[PDB]
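Worksheet: the structure to be examined is printed underneath.
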Amino acid sequence: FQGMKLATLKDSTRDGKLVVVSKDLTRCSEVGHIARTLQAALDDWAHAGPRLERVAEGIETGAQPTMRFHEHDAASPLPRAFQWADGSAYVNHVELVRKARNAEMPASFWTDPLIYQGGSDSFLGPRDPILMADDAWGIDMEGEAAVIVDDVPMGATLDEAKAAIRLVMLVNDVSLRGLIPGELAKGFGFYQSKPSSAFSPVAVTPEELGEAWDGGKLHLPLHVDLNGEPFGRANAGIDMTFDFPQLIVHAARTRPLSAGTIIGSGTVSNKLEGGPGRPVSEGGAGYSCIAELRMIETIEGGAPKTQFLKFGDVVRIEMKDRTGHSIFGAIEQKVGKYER
Amino acid sequence: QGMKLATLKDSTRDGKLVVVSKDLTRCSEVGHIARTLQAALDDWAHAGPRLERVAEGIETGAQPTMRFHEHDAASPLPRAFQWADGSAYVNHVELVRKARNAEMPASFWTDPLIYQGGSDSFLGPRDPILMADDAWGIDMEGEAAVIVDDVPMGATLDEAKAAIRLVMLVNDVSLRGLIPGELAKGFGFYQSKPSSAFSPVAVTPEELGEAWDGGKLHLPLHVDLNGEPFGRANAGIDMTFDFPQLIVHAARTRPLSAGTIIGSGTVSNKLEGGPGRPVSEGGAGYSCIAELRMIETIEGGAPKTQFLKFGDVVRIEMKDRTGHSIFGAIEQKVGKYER
Ligand SMILES: [Ca+2]
Ligand SMILES: [Ca+2]
């Protein structure tokens with residue numbers, strides 16, 4: 001027996017309720033005698049992990065009592081986290097955005113990973129609406145993968161970083177494109193322009209991924225849908241200039257990463273014949289965000305065309321295994337106005 | 001009447017919450033109320049008043065106590081769900097721009113800077129600042145911070161001020177050597193901003209008395225370098241953005257959950273316009289070496305004062321009108337990290 005899936009169910013507490021989820025995402029089991037929350041399990045993984053694995057095995061064989069798992073009831077696996085740090089591993093994407101400003105990208109960007117520190121304390125659940133005051137802010141989804149690490153020492157090596165990867169999940173790094181230029185122009189990175197993100201209903205162990213996980217990257221299309229229509233099928237194993245251990249090593253240069261740290265891959269992006277990717281409806285692999293499409297329209301046609309997310313739109317993100325079954329469950333979110 | 005809270009280091013990640021006497025000599029575990037500061041903040045509307053009764057008992061002698069050792073204290077939140085650090089003393093920003101020779105857009109006087117910081121691995125007040133290389137421009141940064149209860153997205157100044165729960169000092173450890181290179185990448189600070197440290201004790205606004213005016217702390221911030229007065233800059237002067245303003249800015253497009261830490265940015269004072277002078281010369285000095293080097297470069301050509309090297313010792317504390325330490329002392333020796 002190999003692999004397991006974990007989820008956090010919304011409840012009256014801030015950290016929610018940890019459950020072990022069946023491979024098919026239909027059944028789950030509370031595990032309060034081992035750990036009440038995912039963070040607690042991570043805090044003591046060396047001991048809690050093996051015990052959760054036995055529960056996972058028991059769910060598979062039916063020896064373990066279960067209830068129904070409802071993605072609509074899931075929080076993000078860590079509803080609040082101690083760290084959210086997001087890379088830009090598909091350096092093609094940042095090349096496109098840099099090139100749209102009609103500027104050249106330093107060679108250094110192929111060798112030196114980007115990362116930003118994100119808000120970690122108020123993540124949206126996979127099915128919660130993206131609520132915002134104003135959709136003139138260039139609301140955009142950003143489909144990525146993330147790993148959750150155990151403790152990582154300051155100055156960690158690649159072997160250390162690899163070995164510290166405990167869970168994988170999908171992410172929607174919600175962005176406000178209209179606010180980005182002026183904010184970064186302040187010089188202090190992202191804050192207002194990067195609101196609360198959302199993660200998939202389930203996080204899985206590397207073992208669960210099977211051959212789709214090479215120890216440092218995922219080798220599967222990331223399905224991003226917009227209003228029911230395929231928007232991106234970009235392969236997470238293609239054009240990824242920096243893998244997860246590389247991002248982790250980068251992150252740990254001058255600081256430890258405590259257990260529960262979430263590292264984002266950055267928006268998944270694919271080139272086509274060495275050129276900008278083309279849309280799915282044209283045979284291309286599409287895009288994991290609307291920003292990348294607009295950049296390409298800007299380069300191609302001198303300016304953006306396709307509009308960002310407006311109230312009422314729906315975005316879906318999920319990853320399917322070789323046989324077509326969902327691995328992490330689905331992020332599916334309706335954009336709507338925040339009621340104050 | 002006010003109170004002081006601390007977290008003692010123990011075998012767990014979140015440490016042991018204690019209530020601390022006003023004189024910082026005694027303290028008491030409060031496990032029947034909350035094991036951790038976070039847990040108290042999570043349920044503050046109920047836990048807060050219970051903790052206040054304990055503080056009151058410590059004061060009268062009714063509550064059994066033990067000795068408080070600042071050396072055994074973690075940061076009050078050893079790990080936090082959020083750390084966001086402003087630069088509310090825009091004077092400092094203007095000086096960094098000046099040493100480069102760019103005018104500052106007048107918008108920096110009405111638009112707060114803020115950045116997302118590492119929150120998961122804070123050093124304790126007396127823990128050493130360990131770095132692999134002291135040629136990275138290791139610098140201290142004295143500031144004040146506030147811990148907030150839940151703040152809704154798009155919160156107002158009134159809600160902002162009402163959400164302030166605790167006040168503490170901070171050393172925002174900075175690697176100046178890496179800052180230029182990192183920021184040029186365009187994604188803000190990460191590698192150049194290592195783990196920070198907070199004061200041994202966090203205190204309620206009420207404890208601060210008049211020195212707190214609801215948005216601002218009005219006392220000198222003591223920064224020492226190897227036992228010498230380096231900064232005595234007043235935290236209520238030249239503070240162009242108050243804490244509520246910092247909070248409202250942070251909350252524009254996101255809620256802030258209970259336990260969110262908001263830093264004011266390095267405390268800096270103008271003399272009468274233009275740069276402050278080094279304490280030894282009658283002025284209020286500085287709360288970071290960087291500010292000093294900017295002043296040296298601007299008037300003179302190039303930095304003359306080195307940053308922190310191994311063996312250097314920094315102290316950061318704040319004393320009330322009567323000269324008693326309010327928060328306890330951050331005191332750290334810079335040292336070589338090795339694996
Ligand atoms: Ca991103
Ligand atoms: Ca700072």
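All chains are named by letter (A, B, ...) in the order of the sequence lines, taking the proteins before the strands, and each is independently numbered beginning at 1.
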Does the pair [X]/[Y] count as a salt bridge with the N-to-O cut at 4.0 Å?
| X | Y | result |
| --- | --- | --- |
| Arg339(B) | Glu160(A) | yes |
| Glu317(B) | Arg315(B) | yes |
| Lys309(B) | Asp312(B) | no |
| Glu70(B) | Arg126(B) | yes |
| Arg79(B) | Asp43(A) | yes |

For a quick check under 3.5 Å, do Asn269(B) and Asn91(B) share a side-chain donor-acceptor pair by atom type?
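Checked: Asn269(B)/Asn91(B) side chains show no N/O donor-acceptor pair below 3.5 Å.
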
Please tell me whether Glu143(B) and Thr266(B) have a donor and an acceptor in their side chains that are separated by less than 3.5 angstrom.
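Per modelled atom types, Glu143(B) and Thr266(B) side chains form no pair under 3.5 Å.
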
Over all atoms of both residues, closest heavy-atom pair of [X] and [Y]:
| X | Y | value |
| --- | --- | --- |
| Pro112(B) | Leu246(B) | CB-CD2, 4.3 Å |
| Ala163(A) | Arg166(A) | O-NH1, 2.7 Å |
| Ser257(B) | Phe81(B) | OG-CB, 4.4 Å |
| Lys217(A) | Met240(A) | NZ-O, 3.2 Å |
| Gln116(B) | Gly119(A) | OE1-N, 3.1 Å |

At what distance, to the nearest 0.5 angstrom, does [atom1] of [X] lie from [atom2] of [Y]?
| X | Y | atom1 | atom2 | result |
| --- | --- | --- | --- | --- |
| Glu228(B) | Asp224(B) | CD | CG | 8.0 Å |
| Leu221(B) | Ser264(B) | CG | OG | 8.5 Å |
| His93(A) | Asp239(A) | NE2 | CG | 13.0 Å |
| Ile138(B) | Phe307(B) | CD1 | CZ | 10.5 Å |

Between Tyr116(A) and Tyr190(B), is the gap from one ring center to the other below 6.0 Å?
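No, ring centres 6.0 Å or more apart.
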
Between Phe199(A) and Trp84(A), does the ring centroid distance fall short of 6.0 Å?
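Here the rings of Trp84(A) and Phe199(A) have centres that are less than 6.0 Å from each other.
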
Residues which pass side chain to side chain contact (heavy atoms under 4.5 Å, CB included) with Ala258(B), listed by chain and number, not counting sequence neighbours
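So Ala258(B) forms a side chain to side chain contact (heavy atoms under 4.5 Å, CB included) with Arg14(A), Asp149(B), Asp150(B).
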
Residue pairs passing the salt bridge (charged side-chain N to carboxylate O under 4.0 Å, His left out) test with at least one member in residues 185-195 of chain B, sequence neighbours excluded, are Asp112(A)-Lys185(B), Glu141(B)-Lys193(B), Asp172(B)-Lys193(B)

Can you tell me if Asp86(A) uses its side chain to pair, donor with acceptor, with the backbone of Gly266(A) under 3.5 Å?
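Such a contact is found between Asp86(A) side chain and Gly266(A) backbone.
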
